[PDB]
$ cat model_30.pdb   # PDB, C-alpha atoms (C1' of nucleotides)
ATOM      1  CA  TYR V   1      17.121 -18.137   1.997
ATOM      2  CA  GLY V   2      19.613 -19.506  -0.513
ATOM      3  CA  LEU V   3      19.922 -16.189  -2.308
ATOM      4  CA  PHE V   4      20.466 -13.959   0.700
ATOM      5  CA  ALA V   5      22.976 -16.459   2.084
ATOM      6  CA  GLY V   6      25.311 -14.719  -0.381
ATOM      7  CA  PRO V   7      25.437 -11.180   1.054
ATOM      8  CA  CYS V   8      25.324 -12.447   4.649
ATOM      9  CA  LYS V   9      28.954 -13.534   4.200
ATOM     10  CA  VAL V  10      30.196 -10.001   4.780
ATOM     11  CA  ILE V  11      28.078  -9.502   7.896
ATOM     12  CA  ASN V  12      28.754 -12.480  10.126
ATOM     13  CA  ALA V  13      31.193 -15.008   8.534
ATOM     14  CA  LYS V  14      29.675 -17.734  10.751
ATOM     15  CA  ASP V  15      26.095 -17.661   9.514
ATOM     16  CA  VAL V  16      27.362 -18.923   6.163
ATOM     17  CA  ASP V  17      28.532 -21.936   8.186
ATOM     18  CA  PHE V  18      25.213 -21.991  10.105
ATOM     19  CA  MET V  19      23.305 -22.199   6.889
ATOM     20  CA  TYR V  20      24.336 -25.303   4.858
ATOM     21  CA  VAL V  21      23.889 -27.033   8.215
ATOM     22  CA  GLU V  22      20.388 -25.786   9.006
ATOM     23  CA  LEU V  23      19.637 -26.057   5.290
ATOM     24  CA  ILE V  24      20.877 -29.631   4.987
ATOM     25  CA  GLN V  25      19.108 -30.565   8.229
ATOM     26  CA  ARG V  26      15.865 -29.247   6.759
ATOM     27  CA  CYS V  27      16.630 -30.940   3.442
ATOM     28  CA  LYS V  28      17.350 -34.363   4.943
ATOM     29  CA  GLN V  29      14.255 -34.894   7.082
ATOM     30  CA  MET V  30      11.786 -34.173   4.323
ATOM     31  CA  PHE V  31      12.690 -36.622   1.547
ATOM     32  CA  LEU V  32      15.403 -38.897   2.755
ATOM     33  CA  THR V  33      14.440 -40.072   6.241
ATOM     34  CA  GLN V  34      10.652 -39.954   6.611
ATOM     35  CA  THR V  35       7.889 -39.904   3.966
ATOM     36  CA  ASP V  36      10.210 -40.693   1.078
ATOM     37  CA  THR V  37       7.415 -42.642  -0.646
ATOM     38  CA  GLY V  38       4.138 -40.960   0.226
ATOM     39  CA  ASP V  39       4.687 -37.207   0.093
ATOM     40  CA  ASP V  40       4.013 -34.273  -2.204
ATOM     41  CA  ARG V  41       7.069 -32.285  -1.086
ATOM     42  CA  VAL V  42       8.784 -32.888  -4.407
ATOM     43  CA  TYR V  43       7.880 -29.703  -6.266
ATOM     44  CA  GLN V  44      10.431 -27.583  -4.374
ATOM     45  CA  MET V  45      13.591 -29.713  -4.753
ATOM     46  CA  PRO V  46      14.790 -27.404  -7.594
ATOM     47  CA  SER V  47      14.604 -24.500  -5.160
ATOM     48  CA  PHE V  48      16.395 -26.680  -2.601
ATOM     49  CA  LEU V  49      19.313 -27.565  -4.869
ATOM     50  CA  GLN V  50      19.497 -24.003  -6.189
ATOM     51  CA  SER V  51      19.781 -22.760  -2.601
ATOM     52  CA  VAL V  52      22.435 -25.317  -1.634
ATOM     53  CA  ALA V  53      24.488 -24.443  -4.721
ATOM     54  CA  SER V  54      24.183 -20.701  -4.130
ATOM     55  CA  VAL V  55      25.385 -21.089  -0.549
ATOM     56  CA  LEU V  56      28.110 -23.586  -1.529
ATOM     57  CA  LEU V  57      29.542 -20.983  -3.887
ATOM     58  CA  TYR V  58      30.350 -18.679  -0.978
ATOM     59  CA  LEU V  59      31.076 -21.366   1.634
ATOM     60  CA  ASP V  60      34.754 -22.176   1.933
ATOM     61  CA  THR V  61      36.192 -24.834   4.307
ATOM     62  CA  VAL V  62      33.647 -27.607   3.616
ATOM     63  CA  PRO V  63      32.695 -29.749   6.664
ATOM     64  CA  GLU V  64      33.360 -33.035   4.767
ATOM     65  CA  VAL V  65      30.641 -34.767   6.797
ATOM     66  CA  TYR V  66      27.588 -33.608   4.799
ATOM     67  CA  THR V  67      28.895 -34.404   1.317
ATOM     68  CA  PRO V  68      27.341 -37.919   1.584
ATOM     69  CA  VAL V  69      24.066 -36.016   2.071
ATOM     70  CA  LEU V  70      24.650 -33.621  -0.832
ATOM     71  CA  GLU V  71      25.547 -36.477  -3.174
ATOM     72  CA  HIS V  72      22.711 -38.582  -1.879
ATOM     73  CA  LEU V  73      20.324 -35.693  -2.597
ATOM     74  CA  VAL V  74      21.437 -34.779  -6.103
ATOM     75  CA  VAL V  75      21.075 -38.359  -7.366
ATOM     76  CA  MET V  76      17.569 -38.252  -5.884
ATOM     77  CA  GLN V  77      16.830 -35.186  -7.972
ATOM     78  CA  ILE V  78      18.307 -36.813 -11.091
ATOM     79  CA  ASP V  79      16.119 -39.856 -10.339
ATOM     80  CA  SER V  80      13.013 -37.684  -9.861
ATOM     81  CA  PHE V  81      13.006 -36.026 -13.312
ATOM     82  CA  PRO V  82       9.982 -37.604 -15.106
ATOM     83  CA  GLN V  83       7.401 -37.122 -12.338
ATOM     84  CA  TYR V  84       7.178 -33.522 -13.476
ATOM     85  CA  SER V  85       5.498 -31.030 -15.767
ATOM     86  CA  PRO V  86       7.009 -29.066 -18.675
ATOM     87  CA  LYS V  87       8.503 -25.604 -17.973
ATOM     88  CA  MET V  88       9.786 -27.104 -14.697
ATOM     89  CA  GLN V  89      11.751 -29.979 -16.284
ATOM     90  CA  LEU V  90      14.019 -27.128 -17.411
ATOM     91  CA  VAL V  91      14.202 -25.605 -13.921
ATOM     92  CA  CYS V  92      15.392 -29.006 -12.679
ATOM     93  CA  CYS V  93      18.081 -28.920 -15.377
ATOM     94  CA  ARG V  94      19.157 -25.450 -14.252
ATOM     95  CA  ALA V  95      19.394 -26.688 -10.651
ATOM     96  CA  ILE V  96      21.539 -29.729 -11.491
ATOM     97  CA  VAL V  97      23.810 -27.704 -13.802
ATOM     98  CA  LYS V  98      24.188 -25.094 -11.041
ATOM     99  CA  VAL V  99      25.214 -27.703  -8.439
ATOM    100  CA  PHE V 100      27.716 -29.322 -10.816
ATOM    101  CA  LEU V 101      29.124 -25.885 -11.548
ATOM    102  CA  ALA V 102      29.428 -25.287  -7.814
ATOM    103  CA  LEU V 103      31.332 -28.353  -6.630
ATOM    104  CA  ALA V 104      34.005 -28.208  -9.312
ATOM    105  CA  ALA V 105      35.682 -24.781  -8.987
ATOM    106  CA  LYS V 106      37.380 -25.126  -5.605
ATOM    107  CA  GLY V 107      39.769 -28.071  -5.546
ATOM    108  CA  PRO V 108      40.716 -31.264  -7.379
ATOM    109  CA  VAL V 109      40.875 -33.141  -4.080
ATOM    110  CA  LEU V 110      37.108 -32.603  -4.023
ATOM    111  CA  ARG V 111      35.927 -33.125  -7.632
ATOM    112  CA  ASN V 112      36.403 -36.907  -7.681
ATOM    113  CA  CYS V 113      32.827 -36.975  -6.325
ATOM    114  CA  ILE V 114      31.520 -35.476  -9.568
ATOM    115  CA  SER V 115      32.599 -38.778 -11.140
ATOM    116  CA  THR V 116      30.560 -40.923  -8.754
ATOM    117  CA  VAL V 117      27.368 -38.858  -8.732
ATOM    118  CA  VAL V 118      26.888 -39.457 -12.478
ATOM    119  CA  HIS V 119      27.956 -43.098 -12.118
ATOM    120  CA  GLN V 120      25.270 -43.558  -9.480
ATOM    121  CA  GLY V 121      22.767 -41.747 -11.700
TER
ATOM    122  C1'  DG F   1      -3.180 -34.209  -5.302
ATOM    123  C1'  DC F   2      -2.025 -31.216  -8.508
ATOM    124  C1'  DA F   3      -3.041 -31.419 -13.749
ATOM    125  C1'  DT F   4      -6.040 -31.678 -17.660
ATOM    126  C1'  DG F   5     -11.057 -32.049 -19.851
ATOM    127  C1'  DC F   6     -16.436 -30.666 -20.650
ATOM    128  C1'  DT F   7     -19.783 -26.793 -19.523
ATOM    129  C1'  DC F   8     -23.326 -22.326 -17.813
ATOM    130  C1'  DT F   9     -24.698 -18.097 -17.109
ATOM    131  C1'  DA F  10     -23.403 -13.755 -18.185
ATOM    132  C1'  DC F  11     -20.199  -9.072 -18.656
ATOM    133  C1'  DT F  12     -18.106  -6.326 -22.242
ATOM    134  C1'  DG F  13     -18.277  -4.670 -26.345
ATOM    135  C1'  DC F  14     -19.433  -3.997 -31.638
ATOM    136  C1'  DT F  15     -22.955  -1.913 -34.684
ATOM    137  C1'  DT F  16     -26.582   1.203 -36.016
ATOM    138  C1'  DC F  17     -29.233   5.494 -35.221
ATOM    139  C1'  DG F  18     -31.137   9.453 -33.414
ATOM    140  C1'  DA F  19     -30.410  13.594 -30.636
ATOM    141  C1'  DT F  20     -27.332  17.402 -28.820
ATOM    142  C1'  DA F  21     -23.561  20.541 -28.641
ATOM    143  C1'  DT F  22     -20.073  23.289 -31.224
ATOM    144  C1'  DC F  23     -17.911  25.905 -34.881
ATOM    145  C1'  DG F  24     -17.683  28.262 -39.434
TER
ATOM    146  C1'  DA D   1     -30.470   3.223 -26.537
ATOM    147  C1'  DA D   2     -31.639  -1.294 -28.630
ATOM    148  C1'  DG D   3     -29.973  -5.505 -30.147
ATOM    149  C1'  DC D   4     -26.856  -9.343 -30.439
ATOM    150  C1'  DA D   5     -22.689 -11.918 -30.732
ATOM    151  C1'  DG D   6     -18.944 -13.707 -28.136
ATOM    152  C1'  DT D   7     -15.602 -15.573 -24.386
ATOM    153  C1'  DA D   8     -14.153 -15.991 -19.676
ATOM    154  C1'  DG D   9     -14.413 -16.857 -14.661
ATOM    155  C1'  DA D  10     -16.095 -20.233 -12.783
ATOM    156  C1'  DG D  11     -18.080 -25.089 -11.701
ATOM    157  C1'  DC D  12     -18.011 -30.795 -11.871
ATOM    158  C1'  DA D  13     -15.175 -34.943 -13.620
ATOM    159  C1'  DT D  14     -11.250 -37.717 -14.314
ATOM    160  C1'  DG D  15      -6.444 -39.086 -14.026
ATOM    161  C1'  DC D  16      -0.021 -41.118 -12.689
TER
END
$ encode --input "model_30.pdb" --output "structure tokens"
Amino acid sequence: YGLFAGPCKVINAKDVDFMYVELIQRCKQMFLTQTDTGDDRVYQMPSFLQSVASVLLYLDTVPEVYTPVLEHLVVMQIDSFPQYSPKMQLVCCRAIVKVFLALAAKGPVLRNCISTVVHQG
DNA sequence: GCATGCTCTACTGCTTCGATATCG
DNA sequence: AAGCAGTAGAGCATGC
């Protein structure tokens, strides 16, 4: 999903805005709203953040309503580092580095939030 | 609940050894 | 062909 969101930019130019909304709506109601404590849906959060970063690369004109969901998700993934296994504690690092690469190459009116995600972490 | 720790037949394969086929 | 050694695909048991 998050990989082929790339080449679907040149085919619809609205489905890139349809994803990152469907994606964040799937991402919210799995580990923020319900079953935050008792669930096993934790071992795919690197794929989640990798997908959101790979669609946020191509998505211009940010909605500015879902960034308090993005930066309430990525501190959850920084929090949930040691409930893991080796050779996936590096995949989690690649996901977080990818997201921080993503939301810093578009505008300095945005990247003040990169200073409060690490403060919250 | 997915991750790590003992355990039981048992399938593949190494080694010798005798026969068979082939070439000079 | 006969013998024999070995290891692996699997089965029970316990953990943050």
$ interface_residues --input "model_30.pdb" --of "chain V" --to "chain F" --cutoff "12 Å" --atoms "only C-alpha atoms (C1' of nucleotides)" --output "VMD selection string"
chain V and resid 38 to 43 83 to 86
$ atom_distance --input "model_30.pdb" --atom1 "atom CA of residue 2 of chain V" --atom2 "atom CA of residue 15 of chain V"
12.1 Å
$ atom_distance --input "model_30.pdb" --atom1 "atom CA of residue 68 of chain V" --atom2 "atom CA of residue 88 of chain V"
26.3 Å
$ atom_distance --input "model_30.pdb" --atom1 "atom CA of residue 1 of chain V" --atom2 "atom CA of residue 18 of chain V"
12.1 Å
$ residues_around --input "model_30.pdb" --residues "residue 23 of chain V" --least-positions-apart "2" --cutoff "12 Å" --atoms "only C-alpha atoms (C1' of nucleotides)" --output "list in words"
residues 1, 2, 5, 15, 16, 17, 18, 19, 20, 21, 25, 26, 27, 28, 29, 30, 47, 48, 49, 50, 51, 52, 53, 54, 55, 56, 66, 69 and 70 of chain V
$ write_last_selection --input "model_30.pdb" --atoms "C-alpha atoms" --output "PDB file, in the frame of the given file"
ATOM      1  CA  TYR V   1      17.121 -18.137   1.997  1.00  0.00           C
ATOM      2  CA  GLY V   2      19.613 -19.506  -0.513  1.00  0.00           C
ATOM      3  CA  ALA V   5      22.976 -16.459   2.084  1.00  0.00           C
ATOM      4  CA  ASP V  15      26.095 -17.661   9.514  1.00  0.00           C
ATOM      5  CA  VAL V  16      27.362 -18.923   6.163  1.00  0.00           C
ATOM      6  CA  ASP V  17      28.532 -21.936   8.186  1.00  0.00           C
ATOM      7  CA  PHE V  18      25.213 -21.991  10.105  1.00  0.00           C
ATOM      8  CA  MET V  19      23.305 -22.199   6.889  1.00  0.00           C
ATOM      9  CA  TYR V  20      24.336 -25.303   4.858  1.00  0.00           C
ATOM     10  CA  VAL V  21      23.889 -27.033   8.215  1.00  0.00           C
ATOM     11  CA  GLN V  25      19.108 -30.565   8.229  1.00  0.00           C
ATOM     12  CA  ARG V  26      15.865 -29.247   6.759  1.00  0.00           C
ATOM     13  CA  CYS V  27      16.630 -30.940   3.442  1.00  0.00           C
ATOM     14  CA  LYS V  28      17.350 -34.363   4.943  1.00  0.00           C
ATOM     15  CA  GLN V  29      14.255 -34.894   7.082  1.00  0.00           C
ATOM     16  CA  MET V  30      11.786 -34.173   4.323  1.00  0.00           C
ATOM     17  CA  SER V  47      14.604 -24.500  -5.160  1.00  0.00           C
ATOM     18  CA  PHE V  48      16.395 -26.680  -2.601  1.00  0.00           C
ATOM     19  CA  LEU V  49      19.313 -27.565  -4.869  1.00  0.00           C
ATOM     20  CA  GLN V  50      19.497 -24.003  -6.189  1.00  0.00           C
ATOM     21  CA  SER V  51      19.781 -22.760  -2.601  1.00  0.00           C
ATOM     22  CA  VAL V  52      22.435 -25.317  -1.634  1.00  0.00           C
ATOM     23  CA  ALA V  53      24.488 -24.443  -4.721  1.00  0.00           C
ATOM     24  CA  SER V  54      24.183 -20.701  -4.130  1.00  0.00           C
ATOM     25  CA  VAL V  55      25.385 -21.089  -0.549  1.00  0.00           C
ATOM     26  CA  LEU V  56      28.110 -23.586  -1.529  1.00  0.00           C
ATOM     27  CA  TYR V  66      27.588 -33.608   4.799  1.00  0.00           C
ATOM     28  CA  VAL V  69      24.066 -36.016   2.071  1.00  0.00           C
ATOM     29  CA  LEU V  70      24.650 -33.621  -0.832  1.00  0.00           C
TER      30      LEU V  70
END
$ closest_residue --input "model_30.pdb" --among "V:7, V:82, V:71, V:118" --to "residue 16 of chain D" --atoms "all atoms listed in the file"
V:82
$ build_atoms --input "model_30.pdb" --residues "segment 77-93 of chain V" --atoms "N, CA and C atoms" --output "PDB file, in the coordinates of the input"
ATOM      1  N   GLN V  77      17.470 -36.116  -7.047  1.00  0.00           N
ATOM      2  CA  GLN V  77      16.830 -35.186  -7.972  1.00  0.00           C
ATOM      3  C   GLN V  77      17.027 -35.600  -9.427  1.00  0.00           C
ATOM      4  N   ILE V  78      18.141 -36.264  -9.744  1.00  0.00           N
ATOM      5  CA  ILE V  78      18.307 -36.813 -11.091  1.00  0.00           C
ATOM      6  C   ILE V  78      17.348 -37.982 -11.311  1.00  0.00           C
ATOM      7  N   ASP V  79      17.109 -38.786 -10.273  1.00  0.00           N
ATOM      8  CA  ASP V  79      16.119 -39.856 -10.339  1.00  0.00           C
ATOM      9  C   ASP V  79      14.717 -39.287 -10.545  1.00  0.00           C
ATOM     10  N   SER V  80      14.368 -38.233  -9.814  1.00  0.00           N
ATOM     11  CA  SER V  80      13.013 -37.684  -9.861  1.00  0.00           C
ATOM     12  C   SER V  80      12.853 -36.579 -10.900  1.00  0.00           C
ATOM     13  N   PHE V  81      13.280 -36.845 -12.129  1.00  0.00           N
ATOM     14  CA  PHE V  81      13.006 -36.026 -13.312  1.00  0.00           C
ATOM     15  C   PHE V  81      11.665 -36.259 -14.022  1.00  0.00           C
ATOM     16  N   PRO V  82      11.188 -37.482 -14.281  1.00  0.00           N
ATOM     17  CA  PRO V  82       9.982 -37.604 -15.106  1.00  0.00           C
ATOM     18  C   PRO V  82       8.662 -37.579 -14.355  1.00  0.00           C
ATOM     19  N   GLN V  83       8.657 -37.362 -13.046  1.00  0.00           N
ATOM     20  CA  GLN V  83       7.401 -37.122 -12.338  1.00  0.00           C
ATOM     21  C   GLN V  83       7.128 -35.629 -12.240  1.00  0.00           C
ATOM     22  N   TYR V  84       7.154 -34.969 -13.393  1.00  0.00           N
ATOM     23  CA  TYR V  84       7.178 -33.522 -13.476  1.00  0.00           C
ATOM     24  C   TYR V  84       6.283 -33.056 -14.607  1.00  0.00           C
ATOM     25  N   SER V  85       6.197 -31.756 -14.734  1.00  0.00           N
ATOM     26  CA  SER V  85       5.498 -31.030 -15.767  1.00  0.00           C
ATOM     27  C   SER V  85       6.506 -30.302 -16.645  1.00  0.00           C
ATOM     28  N   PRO V  86       6.161 -29.970 -17.894  1.00  0.00           N
ATOM     29  CA  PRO V  86       7.009 -29.066 -18.675  1.00  0.00           C
ATOM     30  C   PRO V  86       7.076 -27.693 -18.032  1.00  0.00           C
ATOM     31  N   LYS V  87       8.037 -26.892 -18.506  1.00  0.00           N
ATOM     32  CA  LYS V  87       8.503 -25.604 -17.973  1.00  0.00           C
ATOM     33  C   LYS V  87       8.866 -25.660 -16.483  1.00  0.00           C
ATOM     34  N   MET V  88       9.060 -26.858 -15.932  1.00  0.00           N
ATOM     35  CA  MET V  88       9.786 -27.104 -14.697  1.00  0.00           C
ATOM     36  C   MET V  88      10.830 -28.197 -14.857  1.00  0.00           C
ATOM     37  N   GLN V  89      10.699 -29.058 -15.873  1.00  0.00           N
ATOM     38  CA  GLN V  89      11.751 -29.979 -16.284  1.00  0.00           C
ATOM     39  C   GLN V  89      12.975 -29.263 -16.829  1.00  0.00           C
ATOM     40  N   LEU V  90      12.874 -27.967 -17.111  1.00  0.00           N
ATOM     41  CA  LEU V  90      14.019 -27.128 -17.411  1.00  0.00           C
ATOM     42  C   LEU V  90      14.570 -26.432 -16.176  1.00  0.00           C
ATOM     43  N   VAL V  91      13.718 -26.141 -15.191  1.00  0.00           N
ATOM     44  CA  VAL V  91      14.202 -25.605 -13.921  1.00  0.00           C
ATOM     45  C   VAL V  91      15.028 -26.651 -13.181  1.00  0.00           C
ATOM     46  N   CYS V  92      14.619 -27.920 -13.277  1.00  0.00           N
ATOM     47  CA  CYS V  92      15.392 -29.006 -12.679  1.00  0.00           C
ATOM     48  C   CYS V  92      16.760 -29.138 -13.339  1.00  0.00           C
ATOM     49  N   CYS V  93      16.813 -28.935 -14.659  1.00  0.00           N
ATOM     50  CA  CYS V  93      18.081 -28.920 -15.377  1.00  0.00           C
ATOM     51  C   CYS V  93      18.964 -27.767 -14.929  1.00  0.00           C
TER      52      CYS V  93
END
